[PDB]
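Visitor: The file below is target31.pdb, PDB, C-alpha atoms and all ligand atoms:
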```pdb
ATOM      1  CA  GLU A   1      66.722 -19.383 -11.750
ATOM      2  CA  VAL A   2      63.435 -20.265 -10.063
ATOM      3  CA  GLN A   3      61.092 -17.356  -9.400
ATOM      4  CA  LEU A   4      58.195 -17.344  -6.915
ATOM      5  CA  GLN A   5      54.933 -15.370  -6.983
ATOM      6  CA  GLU A   6      52.513 -15.457  -4.050
ATOM      7  CA  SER A   7      48.900 -14.479  -4.699
ATOM      8  CA  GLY A   8      45.381 -14.608  -3.335
ATOM      9  CA  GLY A   9      45.581 -12.327  -0.295
ATOM     10  CA  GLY A  10      43.795  -9.204   0.854
ATOM     11  CA  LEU A  11      41.073  -8.187   3.307
ATOM     12  CA  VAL A  12      39.026 -10.798   5.184
ATOM     13  CA  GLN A  13      36.820 -10.758   8.274
ATOM     14  CA  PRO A  14      37.977 -12.272  11.582
ATOM     15  CA  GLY A  15      37.336 -15.974  11.956
ATOM     16  CA  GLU A  16      37.156 -16.425   8.171
ATOM     17  CA  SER A  17      39.357 -18.360   5.747
ATOM     18  CA  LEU A  18      41.631 -17.490   2.826
ATOM     19  CA  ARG A  19      43.827 -19.542   0.485
ATOM     20  CA  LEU A  20      47.185 -18.184  -0.667
ATOM     21  CA  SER A  21      48.831 -19.707  -3.748
ATOM     22  CA  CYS A  22      52.555 -19.745  -4.547
ATOM     23  CA  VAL A  23      53.390 -20.246  -8.229
ATOM     24  CA  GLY A  24      56.821 -21.361  -9.374
ATOM     25  CA  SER A  25      58.473 -20.701 -12.705
ATOM     26  CA  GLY A  26      61.880 -21.062 -14.271
ATOM     27  CA  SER A  27      64.478 -23.612 -13.324
ATOM     28  CA  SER A  28      67.779 -23.816 -11.463
ATOM     29  CA  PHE A  29      70.558 -26.293 -12.045
ATOM     30  CA  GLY A  30      69.809 -29.344 -14.104
ATOM     31  CA  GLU A  31      66.434 -27.957 -15.222
ATOM     32  CA  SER A  32      65.212 -28.239 -11.630
ATOM     33  CA  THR A  33      61.796 -26.628 -11.221
ATOM     34  CA  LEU A  34      60.087 -25.908  -7.894
ATOM     35  CA  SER A  35      59.067 -29.562  -7.418
ATOM     36  CA  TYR A  36      62.738 -30.456  -6.886
ATOM     37  CA  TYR A  37      62.915 -28.350  -3.713
ATOM     38  CA  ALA A  38      61.249 -27.939  -0.334
ATOM     39  CA  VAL A  39      59.307 -24.745   0.269
ATOM     40  CA  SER A  40      58.186 -22.855   3.367
ATOM     41  CA  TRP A  41      55.698 -20.091   4.051
ATOM     42  CA  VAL A  42      57.026 -17.165   6.085
ATOM     43  CA  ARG A  43      54.936 -14.223   7.209
ATOM     44  CA  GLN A  44      55.842 -10.710   8.313
ATOM     45  CA  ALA A  45      53.510  -8.535  10.347
ATOM     46  CA  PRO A  46      53.556  -4.770   9.690
ATOM     47  CA  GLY A  47      56.687  -3.291  11.225
ATOM     48  CA  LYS A  48      57.970  -6.549  12.719
ATOM     49  CA  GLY A  49      60.301  -9.376  11.714
ATOM     50  CA  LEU A  50      60.009 -12.691   9.919
ATOM     51  CA  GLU A  51      57.955 -15.592  11.279
ATOM     52  CA  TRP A  52      58.216 -19.076   9.800
ATOM     53  CA  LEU A  53      54.877 -20.860   9.492
ATOM     54  CA  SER A  54      55.137 -24.218   7.721
ATOM     55  CA  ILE A  55      57.400 -26.352   5.552
ATOM     56  CA  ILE A  56      56.694 -28.999   2.923
ATOM     57  CA  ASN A  57      59.170 -31.262   1.173
ATOM     58  CA  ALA A  58      59.483 -31.701  -2.596
ATOM     59  CA  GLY A  59      57.288 -34.779  -2.839
ATOM     60  CA  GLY A  60      54.730 -33.307  -0.468
ATOM     61  CA  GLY A  61      55.916 -35.062   2.688
ATOM     62  CA  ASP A  62      57.408 -34.045   6.030
ATOM     63  CA  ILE A  63      54.852 -31.279   6.617
ATOM     64  CA  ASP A  64      55.374 -29.278   9.792
ATOM     65  CA  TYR A  65      53.982 -26.094  11.266
ATOM     66  CA  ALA A  66      54.726 -23.423  13.815
ATOM     67  CA  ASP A  67      52.747 -23.800  17.044
ATOM     68  CA  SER A  68      51.049 -20.443  16.441
ATOM     69  CA  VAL A  69      49.373 -21.667  13.233
ATOM     70  CA  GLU A  70      49.002 -25.390  13.995
ATOM     71  CA  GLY A  71      45.495 -26.643  13.278
ATOM     72  CA  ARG A  72      44.372 -23.462  11.505
ATOM     73  CA  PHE A  73      46.809 -23.417   8.567
ATOM     74  CA  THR A  74      47.482 -26.225   6.099
ATOM     75  CA  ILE A  75      50.292 -26.486   3.547
ATOM     76  CA  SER A  76      50.186 -28.483   0.285
ATOM     77  CA  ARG A  77      51.531 -28.484  -3.275
ATOM     78  CA  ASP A  78      50.273 -29.504  -6.735
ATOM     79  CA  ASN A  79      53.610 -30.362  -8.348
ATOM     80  CA  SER A  80      51.834 -30.881 -11.669
ATOM     81  CA  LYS A  81      51.050 -27.150 -11.502
ATOM     82  CA  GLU A  82      54.327 -26.238  -9.720
ATOM     83  CA  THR A  83      52.195 -24.421  -7.162
ATOM     84  CA  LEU A  84      52.137 -24.207  -3.376
ATOM     85  CA  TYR A  85      49.124 -23.457  -1.193
ATOM     86  CA  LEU A  86      48.402 -22.194   2.321
ATOM     87  CA  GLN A  87      44.820 -22.771   3.499
ATOM     88  CA  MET A  88      44.269 -20.358   6.374
ATOM     89  CA  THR A  89      41.286 -20.877   8.700
ATOM     90  CA  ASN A  90      39.897 -18.907  11.655
ATOM     91  CA  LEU A  91      41.823 -15.761  10.839
ATOM     92  CA  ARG A  92      42.794 -13.531  13.765
ATOM     93  CA  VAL A  93      43.749  -9.865  13.613
ATOM     94  CA  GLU A  94      47.371 -10.629  14.467
ATOM     95  CA  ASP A  95      47.544 -12.863  11.378
ATOM     96  CA  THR A  96      47.633  -9.641   9.333
ATOM     97  CA  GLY A  97      50.892  -9.150   7.460
ATOM     98  CA  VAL A  98      52.831  -9.934   4.301
ATOM     99  CA  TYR A  99      52.904 -13.670   3.600
ATOM    100  CA  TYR A 100      56.012 -14.880   1.763
ATOM    101  CA  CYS A 101      56.833 -17.985  -0.243
ATOM    102  CA  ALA A 102      60.441 -19.110   0.215
ATOM    103  CA  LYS A 103      62.342 -21.955  -1.449
ATOM    104  CA  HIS A 104      64.994 -23.980   0.389
ATOM    105  CA  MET A 105      68.444 -24.234  -1.154
ATOM    106  CA  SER A 106      69.154 -27.965  -1.276
ATOM    107  CA  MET A 107      67.779 -30.248  -3.986
ATOM    108  CA  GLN A 108      65.397 -32.740  -2.412
ATOM    109  CA  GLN A 109      64.478 -34.991  -5.339
ATOM    110  CA  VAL A 110      65.254 -35.587  -9.002
ATOM    111  CA  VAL A 111      62.296 -37.752  -9.978
ATOM    112  CA  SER A 112      63.379 -38.708 -13.503
ATOM    113  CA  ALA A 113      66.708 -39.957 -12.150
ATOM    114  CA  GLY A 114      64.977 -41.957  -9.426
ATOM    115  CA  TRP A 115      66.965 -40.012  -6.829
ATOM    116  CA  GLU A 116      65.615 -38.737  -3.516
ATOM    117  CA  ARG A 117      67.295 -37.263  -0.468
ATOM    118  CA  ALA A 118      66.639 -39.366   2.622
ATOM    119  CA  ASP A 119      66.359 -36.341   4.941
ATOM    120  CA  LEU A 120      64.648 -32.945   4.644
ATOM    121  CA  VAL A 121      67.239 -30.201   4.932
ATOM    122  CA  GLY A 122      65.228 -27.006   5.301
ATOM    123  CA  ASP A 123      68.321 -24.866   4.757
ATOM    124  CA  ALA A 124      68.770 -21.311   3.471
ATOM    125  CA  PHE A 125      65.998 -19.493   1.617
ATOM    126  CA  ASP A 126      67.691 -18.618  -1.659
ATOM    127  CA  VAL A 127      64.520 -17.460  -3.483
ATOM    128  CA  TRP A 128      61.591 -15.412  -2.147
ATOM    129  CA  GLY A 129      58.352 -14.142  -3.656
ATOM    130  CA  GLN A 130      57.338 -10.496  -3.848
ATOM    131  CA  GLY A 131      54.791 -11.213  -1.129
ATOM    132  CA  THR A 132      51.019 -10.923  -0.856
ATOM    133  CA  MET A 133      49.408  -8.939   1.950
ATOM    134  CA  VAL A 134      46.668 -10.273   4.224
ATOM    135  CA  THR A 135      44.671  -7.706   6.214
ATOM    136  CA  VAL A 136      42.501  -9.265   8.932
ATOM    137  CA  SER A 137      40.023  -6.628  10.105
ATOM    138  CA  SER A 138      36.239  -6.559  10.331
ATOM    139  CA  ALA A 139      36.334  -2.970   9.046
ATOM    140  CA  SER A 140      34.886  -2.541   5.585
ATOM    141  CA  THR A 141      37.021  -1.722   2.558
ATOM    142  CA  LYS A 142      36.781   1.748   1.012
ATOM    143  CA  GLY A 143      38.178   3.237  -2.175
ATOM    144  CA  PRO A 144      40.923   5.854  -2.308
ATOM    145  CA  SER A 145      40.318   9.564  -2.803
ATOM    146  CA  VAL A 146      42.953  11.185  -5.030
ATOM    147  CA  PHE A 147      43.594  14.938  -5.394
ATOM    148  CA  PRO A 148      46.361  16.740  -7.300
ATOM    149  CA  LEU A 149      49.381  18.630  -5.964
ATOM    150  CA  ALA A 150      50.017  21.222  -8.660
ATOM    151  CA  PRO A 151      53.343  23.159  -8.928
ATOM    152  CA  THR A 160      63.774  22.723  -9.459
ATOM    153  CA  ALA A 161      59.990  22.160  -9.045
ATOM    154  CA  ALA A 162      57.544  19.576  -7.692
ATOM    155  CA  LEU A 163      54.144  18.108  -8.594
ATOM    156  CA  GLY A 164      52.329  15.450  -6.587
ATOM    157  CA  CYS A 165      49.280  13.276  -5.939
ATOM    158  CA  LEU A 166      47.411  13.083  -2.616
ATOM    159  CA  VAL A 167      45.597   9.777  -2.023
ATOM    160  CA  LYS A 168      43.490  10.942   0.889
ATOM    161  CA  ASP A 169      41.022   8.327   2.184
ATOM    162  CA  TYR A 170      41.290   4.548   1.753
ATOM    163  CA  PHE A 171      41.577   1.231   3.638
ATOM    164  CA  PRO A 172      43.431  -1.067   3.691
ATOM    165  CA  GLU A 173      46.924  -1.067   2.259
ATOM    166  CA  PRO A 174      48.396  -1.529  -0.312
ATOM    167  CA  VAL A 175      48.238   0.857  -3.267
ATOM    168  CA  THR A 176      50.493   1.129  -6.321
ATOM    169  CA  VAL A 177      51.821   4.460  -7.621
ATOM    170  CA  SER A 178      53.548   4.909 -10.991
ATOM    171  CA  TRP A 179      53.815   8.347 -12.618
ATOM    172  CA  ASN A 180      53.158   8.126 -16.385
ATOM    173  CA  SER A 181      53.785   4.359 -16.395
ATOM    174  CA  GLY A 182      57.299   4.691 -15.033
ATOM    175  CA  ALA A 183      58.228   7.743 -17.108
ATOM    176  CA  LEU A 184      59.451   9.530 -13.968
ATOM    177  CA  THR A 185      61.539   6.714 -12.512
ATOM    178  CA  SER A 186      64.123   9.150 -11.094
ATOM    179  CA  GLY A 187      63.562  11.324  -8.046
ATOM    180  CA  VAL A 188      60.260   9.727  -7.088
ATOM    181  CA  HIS A 189      59.112   9.572  -3.495
ATOM    182  CA  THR A 190      55.984   7.547  -2.806
ATOM    183  CA  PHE A 191      55.602   8.283   0.891
ATOM    184  CA  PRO A 192      54.753   5.655   3.515
ATOM    185  CA  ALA A 193      51.069   5.864   4.327
ATOM    186  CA  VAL A 194      49.636   7.141   7.615
ATOM    187  CA  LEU A 195      46.459   6.158   9.474
ATOM    188  CA  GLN A 196      44.270   9.263   9.670
ATOM    189  CA  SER A 197      42.160  10.164  12.694
ATOM    190  CA  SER A 198      39.028   8.900  10.931
ATOM    191  CA  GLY A 199      40.579   5.448  10.528
ATOM    192  CA  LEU A 200      41.386   5.399   6.810
ATOM    193  CA  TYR A 201      44.852   5.607   5.291
ATOM    194  CA  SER A 202      46.404   8.616   3.556
ATOM    195  CA  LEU A 203      49.397   8.854   1.247
ATOM    196  CA  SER A 204      51.271  11.345  -0.924
ATOM    197  CA  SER A 205      53.583  10.771  -3.882
ATOM    198  CA  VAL A 206      55.952  13.308  -5.469
ATOM    199  CA  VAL A 207      58.597  13.756  -8.176
ATOM    200  CA  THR A 208      61.152  16.485  -8.924
ATOM    201  CA  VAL A 209      60.995  18.291 -12.274
ATOM    202  CA  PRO A 210      63.137  21.269 -13.385
ATOM    203  CA  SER A 211      62.118  24.445 -15.228
ATOM    204  CA  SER A 212      61.003  22.386 -18.236
ATOM    205  CA  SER A 213      57.370  21.231 -18.147
ATOM    206  CA  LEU A 214      56.845  18.801 -21.045
ATOM    207  CA  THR A 218      51.842  16.868 -18.941
ATOM    208  CA  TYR A 219      52.378  14.683 -15.867
ATOM    209  CA  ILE A 220      49.915  12.143 -14.457
ATOM    210  CA  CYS A 221      50.044   9.619 -11.620
ATOM    211  CA  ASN A 222      48.743   6.058 -12.106
ATOM    212  CA  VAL A 223      47.068   4.791  -8.923
ATOM    213  CA  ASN A 224      46.172   1.117  -8.434
ATOM    214  CA  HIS A 225      44.305  -0.105  -5.343
ATOM    215  CA  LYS A 226      43.714  -3.841  -5.729
ATOM    216  CA  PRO A 227      41.028  -4.583  -3.052
ATOM    217  CA  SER A 228      38.491  -2.249  -4.694
ATOM    218  CA  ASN A 229      39.211  -2.522  -8.462
ATOM    219  CA  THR A 230      40.433   1.088  -8.349
ATOM    220  CA  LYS A 231      42.711   2.477 -11.068
ATOM    221  CA  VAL A 232      43.164   6.239 -11.476
ATOM    222  CA  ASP A 233      45.370   8.180 -13.910
ATOM    223  CA  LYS A 234      45.001  11.570 -12.247
ATOM    224  CA  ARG A 235      46.353  14.714 -13.919
ATOM    225  CA  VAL A 236      48.529  17.456 -12.407
ATOM    226  CA  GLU A 237      48.233  20.735 -14.348
ATOM    227  CA  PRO A 238      49.018  24.166 -12.810
TER     228      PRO A 238
ATOM    229  CA  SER B 111      83.413 -71.596  -0.131
ATOM    230  CA  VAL B 112      85.078 -69.400   2.501
ATOM    231  CA  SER B 113      87.347 -70.305   5.404
ATOM    232  CA  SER B 114      86.232 -67.096   7.131
ATOM    233  CA  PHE B 115      84.105 -64.104   6.197
ATOM    234  CA  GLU B 116      83.307 -60.837   7.993
ATOM    235  CA  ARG B 117      81.967 -57.455   6.921
ATOM    236  CA  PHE B 118      83.422 -54.117   8.000
ATOM    237  CA  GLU B 119      82.989 -50.400   7.353
ATOM    238  CA  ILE B 120      85.587 -49.603   4.702
ATOM    239  CA  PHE B 121      84.443 -45.989   4.155
ATOM    240  CA  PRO B 122      82.320 -44.761   7.083
ATOM    241  CA  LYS B 123      79.528 -42.810   5.395
ATOM    242  CA  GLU B 124      79.410 -39.390   7.054
ATOM    243  CA  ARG B 125      83.091 -39.230   8.040
ATOM    244  CA  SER B 126      84.452 -40.354   4.666
ATOM    245  CA  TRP B 127      82.581 -37.881   2.415
ATOM    246  CA  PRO B 128      82.323 -34.510   4.190
ATOM    247  CA  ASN B 129      82.123 -32.508   0.962
ATOM    248  CA  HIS B 130      79.516 -34.608  -0.897
ATOM    249  CA  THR B 131      75.908 -35.531  -0.139
ATOM    250  CA  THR B 132      75.545 -39.093   1.136
ATOM    251  CA  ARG B 133      71.837 -39.379   2.014
ATOM    252  CA  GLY B 134      70.748 -40.412  -1.494
ATOM    253  CA  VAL B 135      67.909 -42.934  -1.716
ATOM    254  CA  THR B 136      65.717 -44.265  -4.479
ATOM    255  CA  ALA B 137      62.162 -45.485  -4.901
ATOM    256  CA  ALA B 138      63.702 -48.400  -6.823
ATOM    257  CA  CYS B 139      65.205 -49.767  -3.566
ATOM    258  CA  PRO B 140      62.450 -49.452  -0.956
ATOM    259  CA  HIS B 141      62.737 -50.654   2.624
ATOM    260  CA  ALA B 142      60.044 -50.212   5.307
ATOM    261  CA  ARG B 143      57.408 -48.439   3.190
ATOM    262  CA  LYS B 144      59.886 -45.569   2.668
ATOM    263  CA  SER B 145      62.425 -45.559  -0.189
ATOM    264  CA  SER B 146      66.075 -46.244   0.559
ATOM    265  CA  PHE B 147      69.200 -47.769  -0.983
ATOM    266  CA  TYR B 148      71.853 -50.461  -0.698
ATOM    267  CA  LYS B 149      73.183 -51.112   2.785
ATOM    268  CA  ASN B 150      76.815 -51.426   1.626
ATOM    269  CA  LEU B 151      77.028 -48.456  -0.758
ATOM    270  CA  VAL B 152      76.525 -44.694  -0.867
ATOM    271  CA  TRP B 153      74.974 -42.718  -3.730
ATOM    272  CA  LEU B 154      77.276 -39.701  -3.510
ATOM    273  CA  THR B 155      75.854 -36.556  -5.091
ATOM    274  CA  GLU B 156      76.402 -32.806  -5.326
ATOM    275  CA  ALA B 157      76.647 -30.770  -2.124
ATOM    276  CA  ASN B 158      76.142 -26.985  -2.136
ATOM    277  CA  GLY B 159      76.020 -26.961  -5.926
ATOM    278  CA  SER B 160      79.416 -28.644  -6.201
ATOM    279  CA  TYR B 161      80.778 -32.180  -6.626
ATOM    280  CA  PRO B 162      84.368 -31.735  -5.412
ATOM    281  CA  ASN B 163      87.138 -33.922  -6.725
ATOM    282  CA  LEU B 164      87.260 -37.207  -4.846
ATOM    283  CA  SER B 165      90.233 -39.385  -3.862
TER     284      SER B 165
HETATM  285  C1  LIG A 301      89.527 -31.899 -10.506
HETATM  286  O1  LIG A 301      90.050 -32.878 -11.393
HETATM  287  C2  LIG A 301      90.017 -32.477 -12.769
HETATM  288  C3  LIG A 301      90.491 -33.665 -13.577
HETATM  289  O2  LIG A 301      90.359 -34.883 -12.855
HETATM  290  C4  LIG A 301      90.864 -31.220 -12.976
HETATM  291  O3  LIG A 301      90.684 -30.787 -14.321
HETATM  292  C5  LIG A 301      91.832 -30.117 -14.873
HETATM  293  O4  LIG A 301      91.675 -28.699 -14.791
HETATM  294  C6  LIG A 301      92.780 -27.951 -15.316
HETATM  295  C7  LIG A 301      92.502 -26.496 -15.020
HETATM  296  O5  LIG A 301      92.512 -26.242 -13.621
HETATM  297  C8  LIG A 301      92.922 -28.245 -16.805
HETATM  298  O6  LIG A 301      94.036 -27.529 -17.327
HETATM  299  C9  LIG A 301      93.112 -29.740 -17.021
HETATM  300  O7  LIG A 301      93.094 -30.023 -18.415
HETATM  301  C10 LIG A 301      91.998 -30.540 -16.339
HETATM  302  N1  LIG A 301      92.242 -31.972 -16.458
HETATM  303  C11 LIG A 301      93.295 -32.613 -15.928
HETATM  304  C12 LIG A 301      93.351 -34.093 -16.172
HETATM  305  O8  LIG A 301      94.163 -32.030 -15.282
HETATM  306  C13 LIG A 301      90.436 -30.116 -12.012
HETATM  307  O9  LIG A 301      91.340 -29.016 -12.067
HETATM  308  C14 LIG A 301      90.380 -30.638 -10.576
HETATM  309  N2  LIG A 301      89.864 -29.615  -9.679
HETATM  310  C15 LIG A 301      90.631 -28.933  -8.821
HETATM  311  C16 LIG A 301      89.926 -27.920  -7.972
HETATM  312  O10 LIG A 301      91.841 -29.126  -8.736
END
```
Can I see the file as C-alpha cells?
Ligand SMILES: *[C@@H]1O[C@H](CO)[C@@H](O[C@@H]2O[C@H](CO)[C@@H](O)[C@H](O)[C@H]2NC(C)=O)[C@H](O)[C@H]1NC(C)=O
Guide:
Amino acid sequence: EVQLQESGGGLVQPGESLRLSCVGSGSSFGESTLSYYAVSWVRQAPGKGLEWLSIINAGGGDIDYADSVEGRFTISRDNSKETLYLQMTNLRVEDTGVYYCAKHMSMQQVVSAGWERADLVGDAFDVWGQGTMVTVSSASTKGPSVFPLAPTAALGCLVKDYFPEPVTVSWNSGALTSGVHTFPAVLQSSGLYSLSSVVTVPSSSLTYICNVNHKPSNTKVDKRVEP
Amino acid sequence: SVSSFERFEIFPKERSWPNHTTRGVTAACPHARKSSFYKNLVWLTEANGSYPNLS
C-alpha cells in the first residue's frame, strides 16, 4: 500500500519556526500514489489524545485548519515529490508533541484518467506515519549519559542525563529482540530525562552491548555490559 | 421537429446510486472556473474500494 514517513522535527525555541515534511511511497489500488488522496496533519501531545490540525486535498485545494493553529501553520504538497509539508510559525510550548501524517481513505483524483471527485471527503485515516516529535522548550539540549548494569539473569543500560526525548535503544542491533524492556523515561529532579533498558538472559553468557541513538545531539553509543 | 418536449429526472443522482460514487467531475468539462461534468449524466465510479453490480 501507501506508506508515510514524517520528518524534520525536534527541539526549537518558543516563538520560532519549523517545517515538517511527510514523504509518501508505494501505491494502493490502481497504482494510486499519495497524490491521488487527501492528507491531514494530526498531532498528539505527550500523554493526551489526537488533535487534527489541517487538511489538504489531492490537487492541493480545499485547505482548512483547526482554530488553534490558524494563521501560524500552513499546509502544502509538492505532488511531483509526493511530499506533504507543515510550516509551523510562532511555536508555543503546548505545540510540543508527536506530529502525524495521515492519509484519507477515498480516492480524490485520478489525473491520467481526467477524473476528479467534486467534493472533498476527509474520511477515515487508513494510513499513518511513524510520527516525528516536536519539543518546544527554551531549555538547551544535552547529550545522554550511559552507564552499564552488569549481572535467569539480567543485564542493563542506564541512560542517566539527557533532554529532550526521544532516544532509541537496540541491544546488539536487535539480537535480543525477546524479553526486552526499554522503560518509559522519567524527568529527574535536575530537569533532564533518565531511562533504563533491560533484557533477560539465562545461565548461558555468550558479550552483550546496547546501541543508544539520541537524534537531537548526534549521539550514538554501543555501550558494553561485562560482569 | 417536436410536438412537445420536456426534460425530467430519470435516475435521481444520489437516490439512484447509493452504492457507487456519483460526484465524478473532469477538467475536460469545466463550468464556473471549477471542473465539472455533463448536466444530464453521472460518471459512476468505485465506492469504498468496490463497484457493486448495477441494475
Ligand atoms: C456480478 O455480476 C457478475 C457477472 O455480471 C457475476 O460474475 C459471476 O460470478 C460467478 C461466481 O460468483 C461465476 O461463476 C460466473 O462465471 C460469473 N459470471 C456470470 C455471468 O455469472 C458476479 O457473481 C456478480 N456479483 C455478485 C455479488 O453476485
Visitor: With only C-alpha atoms and all ligand atoms counted and 9 Å as the cut-off, give the residues of chain B in contact with ligand LIG 301 (chain A), each with its shortest interatomic distance in Å and the pair that gives it, as JSON lines.
Guide:
```
{"residue": "B:162", "atom": "CA", "partner": "A:LIG301", "partner_atom": "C16", "distance": 7.2}
{"residue": "B:163", "atom": "CA", "partner": "A:LIG301", "partner_atom": "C1", "distance": 4.9}
{"residue": "B:164", "atom": "CA", "partner": "A:LIG301", "partner_atom": "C1", "distance": 8.1}
```
Visitor: Report as an mmCIF file with C-alpha atoms, in the frame of the given file the set of chain B residues whose atoms approach chain A to within 10 Å, with distances computed over only C-alpha atoms.
Guide:
```
data_model
loop_
_atom_site.group_PDB
_atom_site.id
_atom_site.type_symbol
_atom_site.label_atom_id
_atom_site.label_comp_id
_atom_site.auth_asym_id
_atom_site.auth_seq_id
_atom_site.Cartn_x
_atom_site.Cartn_y
_atom_site.Cartn_z
ATOM 1 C CA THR B 131 75.908 -35.531 -0.139
ATOM 2 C CA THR B 132 75.545 -39.093 1.136
ATOM 3 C CA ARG B 133 71.837 -39.379 2.014
ATOM 4 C CA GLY B 134 70.748 -40.412 -1.494
ATOM 5 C CA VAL B 135 67.909 -42.934 -1.716
ATOM 6 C CA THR B 136 65.717 -44.265 -4.479
ATOM 7 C CA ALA B 137 62.162 -45.485 -4.901
ATOM 8 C CA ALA B 138 63.702 -48.400 -6.823
ATOM 9 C CA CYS B 139 65.205 -49.767 -3.566
ATOM 10 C CA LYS B 144 59.886 -45.569 2.668
ATOM 11 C CA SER B 145 62.425 -45.559 -0.189
ATOM 12 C CA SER B 146 66.075 -46.244 0.559
ATOM 13 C CA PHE B 147 69.200 -47.769 -0.983
ATOM 14 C CA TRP B 153 74.974 -42.718 -3.730
ATOM 15 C CA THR B 155 75.854 -36.556 -5.091
ATOM 16 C CA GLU B 156 76.402 -32.806 -5.326
ATOM 17 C CA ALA B 157 76.647 -30.770 -2.124
ATOM 18 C CA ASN B 158 76.142 -26.985 -2.136
ATOM 19 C CA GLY B 159 76.020 -26.961 -5.926
#
```
Visitor: What's the separation between CA of residue 132 in chain A and CA of residue 225 in chain A, in Å to one decimal place?
Guide: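 Distance reported for this atom pair: 13.5 Å.
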Visitor: Could you check which of A:49, A:168, A:69, A:184 is closest to residue 196 in chain A, using only C-alpha atoms?
Guide: A:168
Visitor: Listed atoms of range 137-156 of chain B, axis-aligned box, 8 Å per side: centre and edge lengths to one decimal in Å, as lines of an AutoDock Vina configuration file?
Guide:
```
center_x = 67.3
center_y = -42.1
center_z = -0.8
size_x = 35.9
size_y = 34.6
size_z = 28.1
```
Visitor: Can you translate the PyMOL selection byres (((chain A and resi 45) around 10) and not hetatm) into the concrete residues it hits in this file, as a list in words?
Guide: residues 43, 44, 46, 47, 48, 49, 50, 51, 94, 95, 96, 97, 98, 99, 133, 134 and 135 of chain A
Visitor: Excluding range 211-222 of chain A and any residue of its chain fewer than 6 positions from it, enumerate the residues within 12 Å of it, using only C-alpha atoms, and give them as number ranges by chain.
Guide: A: 146-151, 160-167, 175-185, 188, 190, 204-205, 230-238
Visitor: Apply the PyMOL selection byres (((chain B and resi 150) around 12) and not hetatm) to the structure shown and report the selected residues as a ChimeraX atom specification.
Guide: /B:117-123,146-149,151-153
Visitor: The selected residues should be written to file as an mmCIF file, in the coordinates of the input (atoms: C-alpha atoms).
Guide:
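Okay, selection38.cif is ready:
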```
data_model
loop_
_atom_site.group_PDB
_atom_site.id
_atom_site.type_symbol
_atom_site.label_atom_id
_atom_site.label_comp_id
_atom_site.auth_asym_id
_atom_site.auth_seq_id
_atom_site.Cartn_x
_atom_site.Cartn_y
_atom_site.Cartn_z
ATOM 1 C CA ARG B 117 81.967 -57.455 6.921
ATOM 2 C CA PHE B 118 83.422 -54.117 8.000
ATOM 3 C CA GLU B 119 82.989 -50.400 7.353
ATOM 4 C CA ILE B 120 85.587 -49.603 4.702
ATOM 5 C CA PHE B 121 84.443 -45.989 4.155
ATOM 6 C CA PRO B 122 82.320 -44.761 7.083
ATOM 7 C CA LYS B 123 79.528 -42.810 5.395
ATOM 8 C CA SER B 146 66.075 -46.244 0.559
ATOM 9 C CA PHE B 147 69.200 -47.769 -0.983
ATOM 10 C CA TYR B 148 71.853 -50.461 -0.698
ATOM 11 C CA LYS B 149 73.183 -51.112 2.785
ATOM 12 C CA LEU B 151 77.028 -48.456 -0.758
ATOM 13 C CA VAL B 152 76.525 -44.694 -0.867
ATOM 14 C CA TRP B 153 74.974 -42.718 -3.730
#
```
Visitor: Find the nearest atom pair between each residue of range 65-106 of chain A and range 1-21 of chain A for residues within 9 Å, count only C-alpha atoms, give distances in Å to one decimal, sort rows by chain and ascending number, and present the table as JSON lines.
Guide:
```
{"residue": "A:83", "atom": "CA", "partner": "A:21", "partner_atom": "CA", "distance": 6.7}
{"residue": "A:84", "atom": "CA", "partner": "A:21", "partner_atom": "CA", "distance": 5.6}
{"residue": "A:85", "atom": "CA", "partner": "A:21", "partner_atom": "CA", "distance": 4.5}
{"residue": "A:86", "atom": "CA", "partner": "A:20", "partner_atom": "CA", "distance": 5.1}
{"residue": "A:87", "atom": "CA", "partner": "A:19", "partner_atom": "CA", "distance": 4.5}
{"residue": "A:88", "atom": "CA", "partner": "A:18", "partner_atom": "CA", "distance": 5.3}
{"residue": "A:89", "atom": "CA", "partner": "A:17", "partner_atom": "CA", "distance": 4.3}
{"residue": "A:90", "atom": "CA", "partner": "A:15", "partner_atom": "CA", "distance": 3.9}
{"residue": "A:91", "atom": "CA", "partner": "A:15", "partner_atom": "CA", "distance": 4.6}
{"residue": "A:92", "atom": "CA", "partner": "A:14", "partner_atom": "CA", "distance": 5.4}
{"residue": "A:93", "atom": "CA", "partner": "A:14", "partner_atom": "CA", "distance": 6.6}
{"residue": "A:98", "atom": "CA", "partner": "A:9", "partner_atom": "CA", "distance": 8.9}
{"residue": "A:99", "atom": "CA", "partner": "A:6", "partner_atom": "CA", "distance": 7.9}
{"residue": "A:100", "atom": "CA", "partner": "A:6", "partner_atom": "CA", "distance": 6.8}
{"residue": "A:101", "atom": "CA", "partner": "A:6", "partner_atom": "CA", "distance": 6.3}
{"residue": "A:102", "atom": "CA", "partner": "A:4", "partner_atom": "CA", "distance": 7.7}
{"residue": "A:103", "atom": "CA", "partner": "A:4", "partner_atom": "CA", "distance": 8.3}
```
Visitor: Output C-alpha atoms for every residue in that selection, as a PDB file, keeping the file's coordinate frame.
Guide:
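Okay, this is what ended up in out.pdb:
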```pdb
ATOM      1  CA  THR A  83      52.195 -24.421  -7.162  1.00  0.00           C
ATOM      2  CA  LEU A  84      52.137 -24.207  -3.376  1.00  0.00           C
ATOM      3  CA  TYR A  85      49.124 -23.457  -1.193  1.00  0.00           C
ATOM      4  CA  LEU A  86      48.402 -22.194   2.321  1.00  0.00           C
ATOM      5  CA  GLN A  87      44.820 -22.771   3.499  1.00  0.00           C
ATOM      6  CA  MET A  88      44.269 -20.358   6.374  1.00  0.00           C
ATOM      7  CA  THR A  89      41.286 -20.877   8.700  1.00  0.00           C
ATOM      8  CA  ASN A  90      39.897 -18.907  11.655  1.00  0.00           C
ATOM      9  CA  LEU A  91      41.823 -15.761  10.839  1.00  0.00           C
ATOM     10  CA  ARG A  92      42.794 -13.531  13.765  1.00  0.00           C
ATOM     11  CA  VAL A  93      43.749  -9.865  13.613  1.00  0.00           C
ATOM     12  CA  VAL A  98      52.831  -9.934   4.301  1.00  0.00           C
ATOM     13  CA  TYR A  99      52.904 -13.670   3.600  1.00  0.00           C
ATOM     14  CA  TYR A 100      56.012 -14.880   1.763  1.00  0.00           C
ATOM     15  CA  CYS A 101      56.833 -17.985  -0.243  1.00  0.00           C
ATOM     16  CA  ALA A 102      60.441 -19.110   0.215  1.00  0.00           C
ATOM     17  CA  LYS A 103      62.342 -21.955  -1.449  1.00  0.00           C
TER      18      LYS A 103
END
```
